[PDB]
Amino acid sequence: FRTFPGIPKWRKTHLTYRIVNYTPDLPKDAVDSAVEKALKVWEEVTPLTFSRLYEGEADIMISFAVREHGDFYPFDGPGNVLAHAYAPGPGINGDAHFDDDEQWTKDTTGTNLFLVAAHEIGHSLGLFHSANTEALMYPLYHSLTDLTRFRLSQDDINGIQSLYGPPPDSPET
Amino acid sequence: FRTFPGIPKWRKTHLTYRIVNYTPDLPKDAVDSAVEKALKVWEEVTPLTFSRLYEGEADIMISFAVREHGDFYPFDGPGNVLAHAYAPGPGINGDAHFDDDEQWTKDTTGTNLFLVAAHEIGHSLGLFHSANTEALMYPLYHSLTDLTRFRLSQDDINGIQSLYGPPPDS
Ligand SMILES: COC(=O)[C@@H](NC(=O)CNC(=O)[C@H](CS)NCc1ccc(-c2ccccc2)cc1)C(C)C
Ligand SMILES: [Ca+2]
Ligand SMILES: [Ca+2]
Ligand SMILES: [Ca+2]
Ligand SMILES: [Ca+2]
Ligand SMILES: [Ca+2]
Ligand SMILES: [Ca+2]
Ligand SMILES: [Zn+2]
Ligand SMILES: [Zn+2]
Ligand SMILES: [Zn+2]
Ligand SMILES: [Zn+2]
């Protein structure tokens with residue numbers, strides 16, 4: 001696993017997120033659920049908890065964007081870069097953006113929103129790309145029919161626990 | 001009425017539109033509806049026709065945005081600037097952006113999407129602001145329009161027709 005330079009990380013255990021805009025690709029409730037599910041992945045293996053805001057600045061601002069969108073890194077059209085997220089800190093830090101020139105889906109027929117969301121929130125929490133091919137934090141996406149049996153890899157757990165530790169409610173093997 | 005300088009206007013009657021993203025404030029069908037109704041206002045009194053695209057570059061790219069969003073004219077938080085649109089042309093020209101720091105509504109409890117969209121498309125089609133207080137293109141239309149009895153004023157019709165003519169075989 002790998003972190004960003006200086007290992008920036010949230011100094012709070014409860015983070016807020018806000019879904020700022022919605023893609024034409026899915027019904028609004030489907031976007032919400034993949035985001036909820038994506039956050040739940042990280043919540044299960046650390047002390048971190050998450051609540052949603054319907055207004056104001058949330059730690060993790062989530063949006064869909066096409067090409068130039070007000071930050072330093074314009075998206076790039078269909079394919080290639082799928083999304084990007086910023087390491088922990090104030091403002092644009094912690095936020096995640098999703099390229100709408102991608103067809104976001106609830107299954108693997110397009111680009112699975114849950115999977116990309118879980119991988120991006122991984123950056124939002126301070127994990128950089130993993131070299132481990134089995135990790136969620138691996139820089140390359142792959143269509144995996146298996147969304148019902150999704151499991152964080154041990155490399156991921158290790159990387160996120162090195163930052164925040166395990167859940168206070170769980171035993172350690 | 002008024003047109004932009006050098007009177008930029010579409011050189012074709014079939015214009016495509018695309019709703020690039022959706023606001024949290026309303027159900028997506030409410031957005032589609034209001035956008036369609038805004039387009040209809042103008043199509044009804046000209047030879048212009050519209051069709052929707054879900055991919056690629058449409059003439060009129062519609063989006064919601066907050067603060068800095070990829071153009072040189074950032075939105076300003078709640079109220080004041082509700083939205084902005086570019087006159088006819090290629091690329092960003094003809095596109096319309098809507099400030100999501102406003103609360104877009106179907107009715108008048110927030111900022112009415114239909115109304116603002118109708119004004120902005122007026123700009124996307126080549127109309128600049130009117131000096132007539134009753135016109136949709138009057139700068140203060142959003143504070144002066146009665147949505148129950150909404151109809152395009154004749155100053156708005158005179159202006160859009162000056163550019164594109166009346167509907168075929170009137
Ligand atoms: C083969 O896939 C790709 O290379 C795709 N592009 C990328 O992956 C480039 N990466 C990106 O644009 C962003 C940069 S933060 N990475 C998002 C991302 C999201 C999820 C996973 C993932 C990992 C393991 C299991 C399941 C999914 C991996 C990467 C597209 C060409 C389809
Ligand atoms: Ca942030
Ligand atoms: Ca892309
Ligand atoms: Ca899309
Ligand atoms: Ca355009
Ligand atoms: Ca505003
Ligand atoms: Ca809003
Ligand atoms: Zn971005
Ligand atoms: Zn990544
Ligand atoms: Zn703009
Ligand atoms: Zn105006």
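Values below: all heavy atoms of this structure, side chains included; hydrogens, waters and symmetry mates excluded. In what follows, chains are A, B, ... by sequence order, proteins preceding strands, each numbered from 1.
Placement of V31(A) and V31(B) within a single hydrophobic cluster is found when ILVMFWY residues are connected by side-chain heavy-atom separations under 4.5 Å, directly or transitively. A continuous path of ILVMFWY side-chain contacts below 4.5 Å connects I160(A) to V41(A), so both sit in one hydrophobic cluster. Residues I19(B) and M61(B) do not share a hydrophobic cluster, clusters being chains of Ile/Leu/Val/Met/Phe/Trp/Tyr side chains in contact below 4.5 Å. A continuous path of ILVMFWY side-chain contacts below 4.5 Å connects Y17(A) to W104(A), so both sit in one hydrophobic cluster. Residue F50(B) is grouped with residue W10(B) when hydrophobic side chains (ILVMFWY) are merged at heavy-atom distances under 4.5 angstrom, including chains of intermediate members.
The residue among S63(A), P74(A), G70(A) with the most heavy atom pairs within less than 4.5 Å of chain B is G70(A).
For chain A, the nearby part of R18(B) is the side chain; its heavy atoms alone come within less than 4.5 Å. For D101(A), the part sitting under 4.5 Å from any heavy atom of chain B is the side chain, from C-beta outward, and nothing else.
Listed by sequence position, the residues of residues 163-170 of chain B in contact with chain A number zero, using a 4.5 angstrom heavy-atom cutoff. Heavy-atom proximity under 4.5 angstrom to chain A picks out nothing from residues 107-141 of chain B.
With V20(B) as reference, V66(A) is the one residue of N21(A), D100(A), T23(A), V66(A) to meet the side chain to side chain contact (heavy atoms under 4.5 Å, CB included) rule.
Annotation for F150(A): atom CZ counts as buried by contact number, over 12 foreign heavy atoms lying within 6.0 Å. Around atom NZ of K106(B), no more than 12 heavy atoms belonging to other residues, nucleotides or ligands sit under 6.0 Å away.
For the atom pair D25(A) CG and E55(B) CD, the distance stands at 10.5 Å (nearest 0.5 Å).
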